[PDB]
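Residue numbers (PDB author numbering), protein chains in the order written: chain A, 82 to 128, 134 to 326; chain B, 344 to 392; chain C, 1066 to 1084, 1100 to 1164; chain D, 550 to 609; chain E, 50 to 98; chain F, 140 to 208; chain G, 7 to 22, 40 to 189; chain H, 2 to 183; chain I, 2 to 71; chain J, 110 to 199.
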Amino acid sequence: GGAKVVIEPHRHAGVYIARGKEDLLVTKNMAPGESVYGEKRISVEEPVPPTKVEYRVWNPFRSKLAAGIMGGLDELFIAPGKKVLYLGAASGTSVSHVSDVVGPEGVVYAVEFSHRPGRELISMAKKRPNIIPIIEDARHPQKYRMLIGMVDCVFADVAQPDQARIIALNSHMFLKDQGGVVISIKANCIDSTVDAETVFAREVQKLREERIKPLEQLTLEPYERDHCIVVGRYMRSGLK
Amino acid sequence: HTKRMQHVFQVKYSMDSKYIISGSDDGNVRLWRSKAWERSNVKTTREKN
Amino acid sequence: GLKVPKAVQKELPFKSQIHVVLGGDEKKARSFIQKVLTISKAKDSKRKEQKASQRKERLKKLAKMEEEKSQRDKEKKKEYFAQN
Amino acid sequence: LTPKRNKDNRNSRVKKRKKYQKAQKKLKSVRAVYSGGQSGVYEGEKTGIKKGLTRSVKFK
Amino acid sequence: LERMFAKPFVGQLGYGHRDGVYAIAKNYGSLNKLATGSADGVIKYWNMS
Amino acid sequence: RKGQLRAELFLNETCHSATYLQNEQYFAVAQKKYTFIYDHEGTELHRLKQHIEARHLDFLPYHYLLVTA
Amino acid sequence: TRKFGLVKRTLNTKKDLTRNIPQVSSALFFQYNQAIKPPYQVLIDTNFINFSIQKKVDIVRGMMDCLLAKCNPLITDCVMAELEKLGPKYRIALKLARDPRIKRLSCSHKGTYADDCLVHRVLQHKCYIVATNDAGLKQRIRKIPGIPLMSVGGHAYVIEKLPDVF
Amino acid sequence: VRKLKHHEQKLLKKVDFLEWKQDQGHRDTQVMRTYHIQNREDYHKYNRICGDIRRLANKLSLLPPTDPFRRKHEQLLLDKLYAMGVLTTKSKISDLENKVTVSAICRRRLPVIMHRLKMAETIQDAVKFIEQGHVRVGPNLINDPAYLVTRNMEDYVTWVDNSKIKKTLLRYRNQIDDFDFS
Amino acid sequence: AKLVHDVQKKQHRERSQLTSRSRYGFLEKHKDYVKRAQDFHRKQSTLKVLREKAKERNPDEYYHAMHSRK
Amino acid sequence: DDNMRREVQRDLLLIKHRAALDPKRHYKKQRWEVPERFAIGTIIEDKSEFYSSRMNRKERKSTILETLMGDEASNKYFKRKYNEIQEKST
Ligand SMILES: [Zn+2]
């Protein structure tokens, strides 16, 4: 908790490896001099007068996107240029890391329905500029169409069993063409009766009948049981 | 013609003179273009000319 | 070592021719890094020779089983051409 | 004049207990099976992370 | 160029009928819908968009 | 019009006549016997095995026909 | 000033790390596939339907009597392409593929090569049970580790690589 | 010329400004880059000779297998091509169609045998040296690189004396004798 | 072991170097001998190819590096 | 660059050689050539994290090499393995 660790750029831009004895995964903070969640920060010093900039450790046991990253995804669509629509943003657990891997230029429209995590989310959101808090139900993107414009990736950490309709309606309303789609599927919350990759097959087929072509999936097994990260792209024109 | 259509029974013409709906005997009903080489997007006037 | 006579090493074509520090914590740390480097080198040399001796038996087992499967397939096509 | 036999093979349940124990620890290497989640506090995955390797199945 | 761009098949619509389309009727006041009845007994109202 | 060297080559044998092909990009030179055609920067591209000699070249520009006699 | 050894310059006739090894499934044991259990999802294909009709074995009751569980037969629309392209000698197979029990998938790949679509959307998931009768497709399937496949023979389906068949 | 679009590439397939059919794959250009041939037409004044000897071997095979004119002239031609070193063995007359090559009659040139016996280190440097006038075969100096050698004269390919490359290599070995003026 | 016993394929311990001749110790056995002899064959072979290069020196051997080498 | 490469020229080599730094880890195999862009940096501790993984004030050795020099049991393992390597290599 006080030792010295080197940094290195990952394959995905924006996210960094912190190689020490063990090697963490980390991101570059938007709001220095603070820790929102309770994670450890590694602070480096750039040498002009010298600056002190800090890097928040991304916990893969607490955020499914960091589970998918160091489980190994071939590509994201959360680049440091893009804009990200975070369906089902509970708290500042993962949305802070997605925010500061997007960076100071691009926005993360985080949505949420429940009110207590929503109010601590907006109290998080006052401290970094680039995220937009939404306190609406995700089933009706019509009642927040006023305020999000043409996002070029969607992430979905919603855990209710009408996920396909959720992501279909939101991607039709706001996701631009050839845009990214990243889904976290939880089999025990879709349906506990039948088994995990059976419901993964169901949801993959519902995606490609909603013409989100799925490129890639991952089980993220050493971190969480029975979830799957499905990456696809909104084809919208020539699914074949 | 296509290999999967067979004994085509009811062919009608869509109300904008652009598509040909062919309902066959094997069950399927298909769409076709009328002018088979044109395309159905708006064209800049150099392409139109 | 490979010893050569002078009468043949003084007479050869050109291309095929056999052609301040601190006392203290600095040098003890440099010997420390030398220690961990020779530790790593002998360790992964052991690892690589273990892998090579493993693929020795892999090659032998695979070779004899493909030998017997190839003779079974050759007697299969032998009886197939024999039932003409 | 027998070969060297085995106390493991003496009990026909125990060898199936003591080779299921191996088959547990064999597929710790094949896949990365779930273990129980975050055991201590998160002090790193303790075993490395590599860049140029994605273990995610692609769709044709 | 038209012999190399003549790609007339658009696509079918739905998973098709059961027995075979024997009756088709476009509606004469709207563009993107037509009714379609197949001779097992099953009639449908297709949206063509 | 502007002074711009595009391709300047001394090839040792005699050259009777020469012409451009369709642009400045290609020019055919009728050398001592074999007719050669050349790129924009002076490299050669074809030694014509036919046109076993040449004295007058011309280019029919809409037909893309290099004619030799 | 003149350079040595010049050639008539002609055209040079010549001069003008994310590795991916797919991880084995979470459903997979060594070769058991511990996550297929009733009710099964049975992929179908063309020669299976033709052979089933010429052996007069019903589809859903045949699968229930072969496997003693509820089977959901699943036809890819890319294999219904081949079963349409077989022509008018197989209209029985066509109107028996059109069946509200047999719920059908949707593919996304150019062309209609049903064998590669089947082996691809199987080895993406390992939750399906393949019904077939093609010898080469059978060899592809029993090469990939641990899915079950069935095939009609005699006058009932037989099932190859599934443990709890009895 | 523009890396044409898909419909343009379909509408004209047979266009190729660079490589025509009658270039024969640009083999004259390729082998003269391979062997660093100075002048043009040297390939074809070799290829005329290659076609000439396969024409003459054709006519000699046409002549009947008993007469001494045919057998004497075919062993005479085979020994002449061995004495010019175009071949390497006194092989069959089938090698007068499988083995005579414009590459072989190039391979007996002076800079390529110079690089072959390691006098230079690349054939461009060999043409540099024998265009600067350093080498001789026997007594007489060679100025042009088109002089191909015979089977006899692959032994007296040596530099002239007072060639300062000869002086620098002898002083490299420090066997630089200077009574013999080099 | 197909049709043999462990006492049929047991062991054969190797005798050690004597104590009388123990000044030049470590009697070497057949595996030691082949370990020495293949190395000696290797050294003789590279000496032979060196002598062959030497007698085919061709003393017109010129490069450009013979102004750094001496 | 090669102006702080004197200070950090050891530690990246031992991070390359992490495979045998402690005989209880077995980090997975990758070569890890020294990257072109990197930066050293120290962890700072969560304020609720206390008594558990925070290193003390006089315990904070200001270099990873000094922190590794710290524990003489690890250095004892280094000593015994290097001694057996030396006697088996001489
Ligand atoms: Zn398909």
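Positions of the beta carbon are idealized from the N, C-alpha and C atoms, including for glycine.
Sequence-distant partners of I:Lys-3 (beyond 5 residues in either direction) whose C-beta falls short of 8 Å from its own C-beta are missing from its chain.
Shortest gap from the CB of G:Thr-69 to any heavy atom of ligand 1: 6 Å or more. Residues of the region 172 to 196 of chain J whose Cβ lies closer than 7 Å to any Cβ of chain C, in chain order: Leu-174, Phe-187, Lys-190, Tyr-191 and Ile-194. Just measuring C-alpha positions, the residue of H:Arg-108, H:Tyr-36, H:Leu-171 and H:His-74 sitting nearest G:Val-13 is H:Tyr-36. Ranked by Cα distance from C:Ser-1120, the first of J:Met-178, J:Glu-145, J:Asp-111 and J:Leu-122 is J:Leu-122.
Per DSSP, A:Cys-314 is one residue of the beta strand (DSSP E) stretching across 313 to 320.
Going by C-alpha positions, B:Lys-386 is about 47 Å away from G:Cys-150. Judged by pairs of C-beta atoms under 8 Å, the region 232 to 245 of chain A touches the region 167 to 177 of chain A, as three or more such pairs exist. Within chain B, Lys-346 and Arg-347 have C-beta atoms less than 7 Å from the C-beta of G:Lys-108, given in sequence order. In the DSSP secondary-structure assignment, F:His-185 is bridged to F:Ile-176. Proximity to F:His-179 across F:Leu-160, F:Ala-169 and F:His-202 peaks at F:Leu-160, based on C-alpha coordinates. Residue pairing by DSSP places F:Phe-166 opposite F:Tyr-159 and F:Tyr-177 in a beta bridge. Spatial neighbours of G:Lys-78 in its own chain (CB-CB distance under 7 Å, excluding positions within 5 residues in sequence) are listed in chain order as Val-175 and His-178. It is roughly 21 Å from the alpha-carbon of H:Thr-159 to the alpha-carbon of H:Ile-106. The C-beta of C:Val-1116 comes closer than 7 Å to at least one C-beta of chain J.
Closer than 7 Å to the CB of D:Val-563 there is not a single CB belonging to chain G.
Beta-bridge partners of D:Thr-603 (DSSP): G:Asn-43. Within its own chain, the residues whose Cβ lies closer than 8 Å to the Cβ of G:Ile-164, once the five positions on either side in sequence are excluded, are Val-142, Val-145, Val-153, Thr-155, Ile-170 and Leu-172, listed in chain order.
Across the region 123 to 139 of chain G, CB contacts with chain A closer than 7 Å involve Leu-128, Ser-129, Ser-131, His-132 and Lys-133, in sequence order along the chain.
By the Cβ-count criterion, H:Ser-95 is exposed, with fewer than 16 other Cβ atoms from all chains shown falling within 10 Å of its own Cβ. A distance below 7 Å separates the beta carbons of G:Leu-106 and G:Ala-116. Within 10 angstroms of the beta-carbon of F:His-185 lie 16 or more other beta-carbons, which makes it buried. Between ligand 1 and the CB of G:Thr-155, the shortest heavy atom gap is not smaller than 6 Å. For the region 42 to 55 of chain G, residues whose beta-carbon sits nearer than 9 Å to a beta-carbon of chain A comprise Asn-43, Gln-46, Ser-48, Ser-49 and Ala-50. Counting only runs of at least 4 residues, the region 17 to 64 of chain I fully encloses the following alpha helix (DSSP H) elements, listed from N- to C-terminal order: 31 to 56. Here A:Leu-293 is buried: its Cβ has 16 or more other Cβ atoms, across all protein chains shown, within 10 Å. In terms of Cβ geometry, F:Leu-187 and F:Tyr-173 form a close pair [threshold 7 Å]. Taken in chain order, the members of the region 84 to 109 of chain A whose beta-carbon sits within less than 7 Å of a beta-carbon on chain D are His-91, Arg-92, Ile-98, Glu-103, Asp-104, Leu-105 and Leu-106. Here F:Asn-151 has no same chain residue with a Cβ atom under 8 Å from its own Cβ, once five neighbours each way along the sequence are excluded.
Between H:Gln-31 and H:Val-128 a beta carbon distance of about 18 Å is seen, past the 8 Å cut, so the two are scored as non-contacting.
Annotation: Cβ neighbours of C:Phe-1079 in chain I (cutoff 9 Å, chain order): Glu-62, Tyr-63, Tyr-64, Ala-66, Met-67 and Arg-70.
Residue environment analysis places G:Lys-112 among the exposed positions, since fewer than 16 neighbouring C-beta atoms fall within 10 angstroms of its C-beta.
Using beta-carbon distances, J:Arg-169 does not count as an interface residue toward chain C, since no partner is under 7 Å. C-alpha of J:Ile-152 to C-alpha of A:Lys-85: approximately 6 Å in a straight line.
Here the region 180 to 190 of chain A lies against the region 134 to 145 of chain A, with 3 or more beta-carbon pairs under 8 Å apart. Minimum Cα-Cα distance from A:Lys-150 among the listed residues A:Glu-198, A:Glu-283, A:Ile-271 and A:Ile-208 corresponds to A:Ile-271.
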